[PDB]
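Shown next, in C-alpha cells, is the structure this report addresses.
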Amino acid sequence: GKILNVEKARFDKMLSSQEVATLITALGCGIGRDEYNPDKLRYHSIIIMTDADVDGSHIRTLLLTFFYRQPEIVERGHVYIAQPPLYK
DNA sequence: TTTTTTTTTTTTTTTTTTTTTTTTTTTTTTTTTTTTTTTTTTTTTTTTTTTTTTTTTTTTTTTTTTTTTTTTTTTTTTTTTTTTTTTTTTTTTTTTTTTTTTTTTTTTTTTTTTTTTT
C-alpha cells in the first residue's frame with residue numbers, strides 16, 4: 001500500500017516494514033549519513049512501477065520523496081519511472 | 001428519647017509472587033587463503049632404426065648348511081557367556097490437498113484536543 005511520508009514522519013519512525021525492506025534491498029545501510037554508502041547499491045536501475053491510477057501517482061510521489069530526502073541515488077540517475085497503461 | 005451491639009471497607013503499608021529489562025556461551029556466516037583444471041609454446045624431452053664390444057648363462061663337477069627329522073610342552077586357539085554397538089519394524093507427529101467456520105493489521109489527508117518536555 002502507501003508508505004510513510006518521510007517529510008512529515010520523524011527519523012525514528014523510519015523503522016517500518018516497508019521502508020526497512022526497501023533499504024535492505026537497496027543495501028544503502030538504511031541510515032542517512034552514519035554509514036550511507038551509495039557505491040554498494042545492488043541495482044543501478046530502480047524502477048517505480050506503481051499502478052496506472054491516481055493512488056498510484058500518490059504512492060509514486062511518496063517514493064520520490066523517500067528517494068530524494070533519504071539523494072545521490074537520484075542525482076546519479078539510477079531512479080526510473082515506468083508508465084503502464086490505464087486503458088485497453 | 002437516649003443509649004448499646006455488630007458489620008464491613010477503608011486509613012491502608014508490608015510480604016509474596018509475577019512480570020519485564022538484561023547480557024555468557026556454542027552455533028552461524030562473510031572474508032582471505034590455499035587446492036584444482038585448461039590453454040601456449042617452448043626448449044626440451046623422448047620414441048624409433050642401424051652398429052658395436054660386452055658380461056652373464058649354460059657344457060661339467062664339488063661340497064655343506066640349510067633341508068631332513070621326532071618329540072615336549074608350551075599358548076594361541078576355540079568355546080561359552082555377556083555387554084556395546086549397529087541396524088531395521090513400529091509408532092508418532094506434521095504437512096499438503098479443497099470447500100467451510102472465524103478473524104487481524106500498516107499507511108495518506110486536515111483539524112482539534114490531550115500529554116509530555118523546555
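Letters A, B, ... go to the chains of the C-alpha cells in the order shown; residues in each chain start at 1; ligands are counted from 1 in the same order.
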
Test item: chain B residues at most 10 Å from chain A, counting only C-alpha atoms (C1' of nucleotides), as a VMD selection string: chain B and resid 106 to 108

All alpha helix (DSSP H) residues (DSSP, backbone) inside range 9-88 of chain A, as a PyMOL selection string: chain A and resi 17-26+54-69+72-75

Write the selection just made, keeping N, CA and C atoms, as a compact mmCIF listing (two decimals), in the first residue's frame?
# COMPACT_ATOMS: atom_id res chain seq x y z
N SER A 17 8.19 -1.65 8.28
CA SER A 17 8.46 -2.85 7.50
C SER A 17 8.73 -2.53 6.03
N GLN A 18 7.94 -1.63 5.44
CA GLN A 18 8.11 -1.31 4.02
C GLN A 18 9.44 -0.61 3.77
N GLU A 19 9.74 0.42 4.57
CA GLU A 19 10.98 1.16 4.38
C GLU A 19 12.19 0.31 4.72
N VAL A 20 12.08 -0.53 5.75
CA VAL A 20 13.18 -1.43 6.09
C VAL A 20 13.43 -2.41 4.96
N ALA A 21 12.37 -2.94 4.35
CA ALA A 21 12.53 -3.86 3.23
C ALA A 21 13.19 -3.17 2.04
N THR A 22 12.76 -1.95 1.71
CA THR A 22 13.37 -1.24 0.59
C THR A 22 14.83 -0.92 0.87
N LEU A 23 15.15 -0.51 2.10
CA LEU A 23 16.53 -0.18 2.43
C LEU A 23 17.41 -1.42 2.44
N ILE A 24 16.87 -2.58 2.82
CA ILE A 24 17.65 -3.81 2.76
C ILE A 24 17.90 -4.20 1.31
N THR A 25 16.88 -4.09 0.45
CA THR A 25 17.06 -4.46 -0.95
C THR A 25 18.04 -3.54 -1.65
N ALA A 26 17.95 -2.23 -1.40
CA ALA A 26 18.91 -1.31 -1.99
C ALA A 26 20.29 -1.47 -1.37
N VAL A 54 -4.82 7.09 -9.85
CA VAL A 54 -4.49 8.27 -9.05
C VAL A 54 -3.68 7.88 -7.82
N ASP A 55 -4.12 6.84 -7.10
CA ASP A 55 -3.40 6.42 -5.90
C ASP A 55 -2.02 5.88 -6.24
N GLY A 56 -1.85 5.32 -7.44
CA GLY A 56 -0.52 5.00 -7.91
C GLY A 56 0.35 6.24 -8.04
N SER A 57 -0.23 7.35 -8.51
CA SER A 57 0.51 8.60 -8.60
C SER A 57 0.90 9.10 -7.21
N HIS A 58 -0.01 8.98 -6.24
CA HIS A 58 0.31 9.40 -4.88
C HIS A 58 1.45 8.56 -4.29
N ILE A 59 1.40 7.24 -4.49
CA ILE A 59 2.45 6.37 -3.97
C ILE A 59 3.76 6.66 -4.68
N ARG A 60 3.71 7.01 -5.97
CA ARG A 60 4.91 7.42 -6.69
C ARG A 60 5.51 8.68 -6.08
N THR A 61 4.66 9.66 -5.72
CA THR A 61 5.17 10.87 -5.09
C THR A 61 5.81 10.57 -3.74
N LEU A 62 5.19 9.68 -2.96
CA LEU A 62 5.78 9.30 -1.68
C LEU A 62 7.13 8.61 -1.86
N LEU A 63 7.23 7.71 -2.84
CA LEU A 63 8.50 7.04 -3.11
C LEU A 63 9.56 8.03 -3.57
N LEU A 64 9.18 8.99 -4.42
CA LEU A 64 10.14 10.00 -4.87
C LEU A 64 10.61 10.86 -3.71
N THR A 65 9.71 11.18 -2.78
CA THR A 65 10.12 11.92 -1.58
C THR A 65 11.11 11.12 -0.76
N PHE A 66 10.86 9.81 -0.62
CA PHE A 66 11.79 8.96 0.12
C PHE A 66 13.16 8.92 -0.55
N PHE A 67 13.20 8.76 -1.87
CA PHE A 67 14.48 8.66 -2.56
C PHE A 67 15.23 9.99 -2.54
N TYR A 68 14.52 11.11 -2.67
CA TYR A 68 15.20 12.40 -2.70
C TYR A 68 15.70 12.79 -1.31
N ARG A 69 14.87 12.62 -0.28
CA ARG A 69 15.26 13.04 1.06
C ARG A 69 16.26 12.08 1.68
N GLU A 72 21.94 11.09 -3.52
CA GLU A 72 22.94 10.80 -4.55
C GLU A 72 22.45 9.72 -5.51
N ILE A 73 21.57 8.84 -5.06
CA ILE A 73 20.96 7.85 -5.95
C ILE A 73 20.15 8.56 -7.03
N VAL A 74 19.39 9.59 -6.65
CA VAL A 74 18.62 10.34 -7.64
C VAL A 74 19.55 11.15 -8.54
N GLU A 75 20.61 11.73 -7.97
CA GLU A 75 21.49 12.58 -8.75
C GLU A 75 22.29 11.78 -9.78

Test item: residues at most 12 Å from residue 31 in chain A, only C-alpha atoms (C1' of nucleotides), excluding those fewer than 2 positions along its chain, as a list in words: residues 11, 12, 14, 15, 19, 20, 23, 24, 26, 27, 28, 29, 33, 34, 35, 36, 37, 38, 69 and 70 of chain A

DSSP strand (DSSP E or B) selection over range 2-88 of chain A, as a short mmCIF file (atom, residue, chain, number, x, y, z; two decimals) with N, CA and C atoms, in the first residue's frame:
data_model
loop_
_atom_site.label_atom_id
_atom_site.label_comp_id
_atom_site.auth_asym_id
_atom_site.auth_seq_id
_atom_site.Cartn_x
_atom_site.Cartn_y
_atom_site.Cartn_z
N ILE A 46 16.51 1.53 -10.55
CA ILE A 46 15.41 1.40 -9.60
C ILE A 46 14.18 1.98 -10.27
N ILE A 47 13.17 1.14 -10.49
CA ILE A 47 12.03 1.45 -11.35
C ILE A 47 10.79 1.49 -10.48
N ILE A 48 10.09 2.62 -10.50
CA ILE A 48 8.90 2.83 -9.67
C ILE A 48 7.70 2.52 -10.57
N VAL A 79 17.32 6.21 -10.71
CA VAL A 79 15.88 6.11 -10.44
C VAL A 79 15.13 6.31 -11.75
N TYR A 80 14.17 5.42 -12.01
CA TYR A 80 13.37 5.42 -13.22
C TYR A 80 11.89 5.37 -12.84
N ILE A 81 11.04 5.70 -13.80
CA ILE A 81 9.58 5.68 -13.64
C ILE A 81 8.99 4.91 -14.81
#

Between CA of residue 87 in chain A and CA of residue 50 in chain A - distance in Å to one decimal: 15.1 Å
